[PDB]
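Novice: Please work out how this folds:
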Amino acid sequence: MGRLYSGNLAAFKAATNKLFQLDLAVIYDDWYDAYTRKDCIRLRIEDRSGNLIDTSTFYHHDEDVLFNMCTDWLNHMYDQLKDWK
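Specialist: Numbers count the residues shown, from 1 in each chain. Please find the structure below.
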């Protein structure tokens, strides 16, 4: 929907350039919830047509550790899909 701007996002923004070059898509869900109304960080990976790739939900200690975990896993798949076709 949109993109935020903050200091911890300095390194985070850099990762985006890789996503296009590996031919994949990623969407995150935040600020929307059912009846519980609780803060959470949901990260979802998928294709263009329908094949779903993977998903992860993060809740833990403050933003520094949270973003570290998020950026870590994103870098994780890069090499793996770089080996296959």
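Novice: Can you point out the buried residues in the longest helix seen in the chain?
Specialist: Longest among the helix segments of the chain by residue count, using DSSP state H, is helix 63-83. Neighbour-count burial for helix 63-83, with 16 or more other CB atoms under 10 Å as criterion, is recorded at 67, 70, 71, 74, 77. C-beta here means a position set from N, CA and C on the backbone, and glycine is covered the same way.
Novice: Please give me every residue in contact with the third one.
Specialist: Same thing as residue 71. By CB atoms under 8 Å, 6 or more residues apart in numbering, the contact list for residue 71 reads 11, 12, 15.
Novice: Helices along this protein, start to end?
Specialist: Counting by DSSP H, the chain has helices at residues 9-21, 63-83.
Novice: Keeping just the C-alphas, turn stretch 39-56 into CSV.
Specialist: Backbone C-alpha positions of stretch 39-56 (Å, rounded to 0.1, in the frame of the first residue of the first chain) are rendered in CSV as follows:
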residue,chain,number,x,y,z
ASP,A,39,-0.1,-5.1,16.6
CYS,A,40,1.8,-7.6,14.5
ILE,A,41,4.2,-7.9,11.5
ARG,A,42,3.2,-10.4,8.8
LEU,A,43,5.5,-11.1,5.8
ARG,A,44,4.1,-13.1,2.8
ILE,A,45,6.0,-14.3,-0.4
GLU,A,46,4.1,-15.4,-3.6
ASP,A,47,4.3,-15.7,-7.4
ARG,A,48,2.4,-13.6,-9.9
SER,A,49,-0.2,-16.2,-11.0
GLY,A,50,-1.0,-18.2,-7.9
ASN,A,51,1.9,-20.4,-6.6
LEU,A,52,2.4,-19.3,-3.0
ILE,A,53,6.0,-19.4,-1.9
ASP,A,54,6.1,-18.9,1.9
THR,A,55,5.0,-16.7,4.8
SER,A,56,6.2,-15.6,8.3
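Novice: now what about that stretch, what contacts it?
Specialist: 24-30, 33, 57-59, 66, 70, 73, 77.
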